[PDB]
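So the chains spell out like this:
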Amino acid sequence: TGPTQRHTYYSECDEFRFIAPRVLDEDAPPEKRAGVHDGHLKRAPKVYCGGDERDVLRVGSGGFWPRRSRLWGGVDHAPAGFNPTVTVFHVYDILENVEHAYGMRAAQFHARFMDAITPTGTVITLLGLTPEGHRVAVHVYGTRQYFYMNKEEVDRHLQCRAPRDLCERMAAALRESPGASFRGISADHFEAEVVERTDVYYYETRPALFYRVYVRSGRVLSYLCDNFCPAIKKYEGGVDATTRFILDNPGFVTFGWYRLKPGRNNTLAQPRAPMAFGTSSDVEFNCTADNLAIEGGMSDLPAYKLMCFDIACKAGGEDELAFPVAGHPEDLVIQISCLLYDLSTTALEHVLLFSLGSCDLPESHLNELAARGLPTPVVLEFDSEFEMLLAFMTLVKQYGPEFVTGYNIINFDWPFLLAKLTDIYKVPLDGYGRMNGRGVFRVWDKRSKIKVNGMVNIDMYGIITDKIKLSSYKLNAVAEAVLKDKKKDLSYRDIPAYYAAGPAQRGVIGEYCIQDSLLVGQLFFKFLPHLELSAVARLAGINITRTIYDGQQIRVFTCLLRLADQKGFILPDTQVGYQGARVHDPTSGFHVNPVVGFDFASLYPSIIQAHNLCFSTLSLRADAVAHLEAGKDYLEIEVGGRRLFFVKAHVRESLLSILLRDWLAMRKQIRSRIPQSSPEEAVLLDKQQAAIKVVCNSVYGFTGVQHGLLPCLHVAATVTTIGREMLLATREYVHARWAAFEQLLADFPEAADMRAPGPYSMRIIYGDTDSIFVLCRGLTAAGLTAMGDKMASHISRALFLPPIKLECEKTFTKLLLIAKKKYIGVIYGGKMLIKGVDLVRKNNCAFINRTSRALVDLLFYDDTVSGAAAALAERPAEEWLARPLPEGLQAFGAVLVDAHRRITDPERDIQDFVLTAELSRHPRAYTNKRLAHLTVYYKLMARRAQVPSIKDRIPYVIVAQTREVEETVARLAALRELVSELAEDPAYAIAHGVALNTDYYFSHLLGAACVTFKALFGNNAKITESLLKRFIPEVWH
DNA sequence: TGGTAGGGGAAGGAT
DNA sequence: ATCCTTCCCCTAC
Ligand SMILES: COc1cc(NC(=O)Cc2ccc(Br)cc2)ccc1C[C@H]1COC(=O)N1
């Protein structure tokens, strides 16, 4: 009969816009080859491979790429008698769409589903694979969204006193819509129960009656909540139908192994006829939700496919050396490297190279690849850009990669390709996902996102930005840093030349793209982001896509929604806040005596658990808790100049406390199975426990997001206030109970074998949020760890309710208290520890980092300069503006002056002198507008360079003042109409031979030394700079 | 729709 | 000139 849902992906083409560079035409004179052919053409799109040629949209007998498609434009390319009986299947993503009966009356659906989507119904599509390998999609009918409104509040406000009345009023209100979107919608299209529930906020809140309204269309529900009865609090109206499917059917997950089973009236699932399909899948099914169950024994991934891809483009305008722009039809997409792996076997299966102008890849590349067990690359030759892109999208639709990865493909590759397919060549994308049409293929620019239905996009860029700490995230730098495999860099400045020389010098470009994509693939399967995120999704009841791109809040919200709905609440729709921690004012300096480091194990979550903090256990009014005994039944606490009451556990158990306790016991359970488990299983177990730790640390934050979903800043500020009180109490306890060594020996008969020469003292020296650093003069750092363990156990037992726990983690031999939240120390195990200083701050140049590192390394791993710090301590350090520095410090001078050498002596690496700085916002919204990386940004923009994406790190260097520098400064100032305007791209400032500001980098090295070593001189900065000048020849001051 | 503390460097105004 | 403010980077919990 034909398809029931029109396939919008291109399967036929007779005429297209042909654009291609004239540089590829050899029979043209070398003078008539500069421009770029652009114009309409009326020929069937074709692709060349290995001397043979075939139409792009030709599918069947002979193909150049692999194909996993069945339907292709109403053609059933499946061997007749293809009726694989499906029992179990894995699910990775879930689609939420709408289906109307009038539309589907063509398709031969069972009566049940047509009843489920009578006027309109919401259908939940599970996408995945069978164990055999078949692509599968099961359509779940019956899922209904629903939301609550207070009955006593609606009855009186809408002058109605019955649920059918509410149905009438909602239907009517939807009729007189702006655009008459819902014409003819009547009251019988809604279901309205009356049910008893309790708002989640405040303990005083008692149950009441709420209308529950069921809705079949996300559009209808959205419009209702947005402008129905704006004066009436609406509950759980944001809960989408997928979340209802997961929560209301207990046990289901958003990622894992399901099984079809008999249903309520001995109902079986029904397979769809191919002409009814709505996905690029091999078999599809219709079922109600009771036809589903979970399969338990299954634990391993199925044959999901991962496409890693990178692109490379060339300009075409008057300046072919500038950076391309997808909006200009002259700049074109020249090459696309595309490699497909199997995710269950982590094995590369195919390599493909789309190219404008045929080529042959270099032989060194081919030999390396063929020798590394990899497959034989297959090049695809195209005459136009449209044919190349159309073939790429046809590959995407036919092979149907369930996962897609690359590097910075969110801010460059996909937006370029889709801007080409959209603005220039006018191509619909809604079918080029998993759905045959009406799908999702958008790209967004507090985070950039890429959402493709049935296609999981994981940009390894973000993965590395979160997991690895670097100064710049160029793919080669990341490769050398993580795999220790350096590969060739590339720039657009070199691409046109390599293209013009011919097929071999363009095959070089192909080698570069394929090496990039191989590297990305290696990173991917080292970090396994798919398994990590899939485990998070399974934990939070949220589909993998929203797991990646839609933030954290949604996860905690979904689990809390599950628990509250289970326990009789309903979450109300809402759609520097509170005093944080106090850093213990440290008395600075170098400490050589043993230092002990205590800290709490998950302080904030344990506070929540112990004191039963929750939305439902909080109260702002005394009369609410005036009927129970203070202290024994509730906790009174003053937070932010206001009294708060938290009813204790035995009155009303906290929702947050339950979530935390269950998650924790779950984590402990799965971690107790790591030993007696195969490493294959142990990777999955570790990803699982990682996800659990993530959401557990996500609770408190979720509570503190003012104007977020379900915020309650009272809980957050109570948490912080309790933490501060706990630290203060720990300090005062250690001071008062163990001031006398008599007591130490008393509690622990182990300080006998630990009494040191000097006098005995024990005082808290440092503290931050959940940490205590205690000085132990008069004690030997022998087993200070193993005795501090019994100490912290004693403190926890004697001071804090469970599950609050204090542990002893590290004991320092020497430690440098620099300033607040900044310190360096040497652990008793010989390991160094650096926190807060410019050492760890990846915004400084590698030279000053290495220098300051050597300085501190000397300060800790050289006995003479350590004794010299002790001698600086012997005296008040105030007098030393006229006194001489002890001999031990000599070494410093040496290193310092070596610096000067490396600064001015050429043949040094300029990359060893680059600064970095992240571009936070869109630059138009800025208060100073006079920043280094902003200057570099605007200069890069004027120069038609690579405009940096909206949130990367920009590198830069500092120029010295010249006549050209000041002249161009005045000229740019007049065009717009010394301070650190001397900032330049390392690229431009190396090829133009620009010289660095030698004074600035030495003056900073002196500044970082001043900041790091002000501690040893009573923490005075001016004094430290002055007596630092005593390590530098005065001809440099 | 990820929280509060921090320190220190760059730039600019006020004392 | 000296400070004193404010913004901005990136840390530590
Ligand atoms: C690493 O330290 C901390 C990180 C955080 N992070 C966040 O709150 C970020 C966040 C995540 C998710 C959502 Br939704 C909202 C915000 C909070 C407190 C501490 C302090 C420590 C001390 O004791 C703790 O339990 N955490």
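Residues numbered from 1 in each chain as written, not as in the entry; some residues may be left out. Chains lettered and ligands numbered in written order. Heavy atoms only, no water. Residues with missing side-chain atoms left out of burial classes, pairs and counts.

In its metadata, the entry names X-ray crystallography as the structure determination method and reports 3.829 Å as the resolution.

As annotated in the PDB entry, chain A carries the name DNA polymerase and comes from Human alphaherpesvirus 1. According to the record, the entry carries the title "HSV1 polymerase ternary complex with dsDNA and compound 44". As stated in UniProt under Sequence similarities (unreviewed entry), the record for chain A gives "Belongs to the DNA polymerase type-B family." UniProt lists a comment for chain A under the heading Subunit (unreviewed entry), and it reads "Forms a complex with the ssDNA-binding protein UL29, the DNA polymerase processivity factor, and the alkaline exonuclease. Interacts with the putative helicase-primase complex subunit UL8; this interaction may coordinate leading and lagging strand DNA synthesis at the replication fork." (UniProt positions renumbered as here; feature names shortened; annotations may be inferred.)

In this section: the overall build of chain A. Secondary structure assignment for chain A yields 31 helices and 36 strands. Here the C-alpha atoms of chain A give a radius of gyration of 34 Å, agreeing with the 31 Å that 2.2 N^0.38 yields for 1037 residues. (Helix = DSSP H or I, 4+ residues; strand = E, 2+ residues; numbered from the N terminus. Rg over C-alpha atoms; globule rule 2.2 N^0.38 Å.)

The biggest cluster of nonpolar side chains holds 99 residues, and the ones touching the most others in it are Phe309, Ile336, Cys338, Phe354, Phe392, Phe403 and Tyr407. Looking at which element gives the most residues to this core, the answer is helix α8 (residues 385–399), with 10 residues. Excluding residues within four positions of it along the chain, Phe309 makes contact with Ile336, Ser337, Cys338, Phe392, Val404, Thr405, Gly406, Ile409, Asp413, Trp414, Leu417 and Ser517. Grouped together as the second largest cluster of nonpolar side chains are 98 residues, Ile94, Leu260, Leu563 and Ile608 included. (Core = buried A, V, L, I, M, F, W, Y, C linked by side-chain atoms within 4.5 Å. Buried < 20%, exposed > 50% of the residue type's maximum accessible area, 1.4 Å probe, protein only. Contact = heavy atoms within 4.5 Å.)

Below, the discussion takes up helix α13 (residues 503–527). Over its 25 residues, α13 runs 36 Å from end to end, which matches the ideal 36 Å to within 8%, given 1.5 Å per residue. Immediately downstream of α13, the backbone of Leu528 shows phi near 50 degrees, a positive value. (Expected span 1.5 Å × (residues − 1).)

A few words now on the packing of helix α10 (residues 460–467) against α13. Where α10 meets α13, the axes come as close as 11 Å, and the angle between the chain directions of the two elements is 55 degrees. Between α10 and α13, the crossing angle belongs to the class labelled oblique. Here the hand of the crossing between α10 and α13 comes out left-handed. Contacts between α10 and α13 involve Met460, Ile463, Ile464 and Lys467 on the former and, on the latter, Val520, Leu523, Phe524 and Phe527. Broken down by class, the residue content of the contact of α10 with α13 amounts to seven nonpolar, no polar and one charged. (Axes fitted to C-alpha atoms, helices over the stretch in contact; angles between N-to-C directions. Parallel < 35°, antiparallel > 145°, perpendicular 65-115°, else oblique. Left-handed = near helix turned anticlockwise from the far one by under 90°. Nonpolar A, V, L, I, M, F, W, Y, C, P; charged D, E, K, R; others polar.)

The next thing to look at is the site of the ligand. The environment of the ligand is made up of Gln552, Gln553, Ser602, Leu603, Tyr604, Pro605, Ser698, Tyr700, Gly701, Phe702, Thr769 and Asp770. At a separation of 3.0 Å, an oxygen atom of the ligand approaches a polar backbone atom of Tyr604. At the level of elements, α17 (603–611) and α20 (679–703) are the ones that each hand at least two residues to the shell around the ligand. Counting residues per element, the shell around the ligand draws most heavily on α20, which supplies four residues. Taken together, the residues of the shell around the ligand break down into five nonpolar, six polar and one charged. (Near = heavy atom within 4 Å. Polar contact = N/O pair within 3.5 Å; in protein donor to acceptor, adjacent residues only side chain to side chain.)

Before going further, it helps to examine the sheet that holds strand β8 (residues 145–150). Backbone-to-backbone hydrogen bonds pair the strands of a sheet. The strands run either parallel or antiparallel. Judged by pairing direction, the sheet is mixed, and its five strands sit side by side in the order β11-β8-β10-β9-β24 without closing on themselves. Only two strands of the sheet have a single partner each, and these edge strands are β11 (234–235) and β24 (569–570). Sheet topology places strand β9 (residues 191–199) next to strand β10 (residues 208–215); seven bridges connect them, and they run antiparallel. From the neighbouring strand, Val195 faces β10, where its bridge partner is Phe210. (Pairing = 2+ DSSP bridges.)

Its location among the elements puts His933 in helix α27 (residues 932–942). When residues no more than four places from it in sequence are discounted, the contact partners of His933 are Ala917, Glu918, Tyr926 and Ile954.

This next bit is on the environment of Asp768. Structurally, the position occupied by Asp768 is in the loop between β30 (763–767) and β31 (771–775). Along the backbone, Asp768 and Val583 are 185 residues apart, and their C-alpha atoms lie at a distance of 4.6 Å. Those residues within four positions of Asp768 in sequence are excluded, and the remaining contacts are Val583 and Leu727.

Turning our attention to unusual backbone geometry. Cis geometry is found at the peptide bond from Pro802 to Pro803, where omega equals 0 degrees. Mapped onto the elements, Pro803 comes out in the loop between α23 (784–799) and β32 (806–819). With a phi angle near 50 degrees, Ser602 is a residue other than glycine that sits in the positive phi range. Given a relative accessible area of 43%, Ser602 falls into the partly exposed group. The phi dihedral of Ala877 falls on the positive side, at around 70 degrees, and the residue is not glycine. Within the fold, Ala877 resides in the loop between α25 (863–874) and α26 (890–904).

What follows deals with the sheet that holds strand β28 (residues 634–639). The antiparallel open sheet is built from three strands, whose spatial order is β27-β29-β28. Taken across any chain shown, the strands that pair with only one partner, and hence form the sheet edges, are β27 (618–619) and β28. By the bridge criterion, two bridges tie β27 to strand β29 (residues 642–647) in an arrangement that is antiparallel. From the neighbouring strand, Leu618 faces β29, where its bridge partner is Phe646.

Our focus in this paragraph is empty space enclosed by the protein. Reported here for the second largest cavity is a volume of approximately 80 Å³. Lining the second largest cavity are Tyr10, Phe386, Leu389, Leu390, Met393, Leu421, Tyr425, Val427, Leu429 and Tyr432. (1 Å grid on protein atoms, 1.4 Å probe; cavity = no way out; pocket = protein on both sides within 12 Å on 5 of 7 lines; lining within 4 Å. Points joined across faces, edges and corners; volume = space filled by probe spheres on them.)

Next up on the list: the protein's contact with DNA strand B. The environment of DNA strand B is formed by 21 residues, the closest being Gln552, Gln553, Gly580, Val583 and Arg841. Looking at DNA strand B alone, sugar and phosphate atoms form 93% of those within 4 Å of the protein. In this structure, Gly580 approaches DNA strand B through a main-chain N or O atom, which is 2.8 Å from a sugar or linking oxygen. In terms of residue class, the surface near DNA strand B is made up of seven nonpolar, 10 polar and four charged.

As a further point, take the pattern of salt bridges. On inspection of all chains with the given rule, the structure shows 34 salt bridges. Between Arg135 and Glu402 there is a salt bridge, and its shortest N-O distance comes to 3.4 Å. Here the residue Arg135 occupies a position in strand β7 (residues 135–141), and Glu402 occupies one in the loop between α8 and β20 (403–406), the gap between them amounting to 267 residues. Of the two residues, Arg135 and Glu402, both sit in the buried class. The partner of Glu532 in a salt bridge is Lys467, with the nearest N and O atoms 2.7 Å apart. One end of the pair, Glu532, is in helix α14 (residues 529–540); the other, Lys467, is in helix α10, and 65 residues separate them in sequence. (Salt bridge = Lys/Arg side-chain N within 4 Å of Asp/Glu carboxyl O.)

On to the protein's contact with DNA strand C, then. Around DNA strand C, the structure places 22 residues, and the nearest of them are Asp770, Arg921, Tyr926, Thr927 and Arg953. Near the protein, within 4 Å, the atoms of DNA strand C are sugar or phosphate in 92% of cases. At 2.7 Å, a side-chain N or O of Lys835 approaches a phosphate oxygen of DNA strand C. The side chain of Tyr926 places a nitrogen or oxygen atom 2.5 Å from a phosphate oxygen of DNA strand C. Contributions of two or more residues to the surface near DNA strand C are made by β34 (832–835) and β35 (915–918). Top element by residues in the surface near DNA strand C is β35. It accounts for three residues. When the residues that make up the surface near DNA strand C are grouped by side-chain class, the tally is five nonpolar, eight polar and nine charged.

The pairing of strand β25 (residues 589–591) with β32 spans three bridges and is classified as antiparallel. In the sheet register, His591 faces β32, and the bridge partner there is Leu815. Taken together, the six bridges between strand β26 (residues 595–600) and β32 define a ladder with antiparallel strand orientation. Counted as the bridge partner of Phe600 is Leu806 from β32. Bridge analysis of β32 against strand β33 (residues 822–827) gives six bridges, and the strand direction is antiparallel. If you follow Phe812 over to β33, its bridge partner there is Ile827. Two successive antiparallel strands, β32 and β33, enclose a turn made up of two residues, where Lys821 displays a positive phi of approximately 65 degrees.

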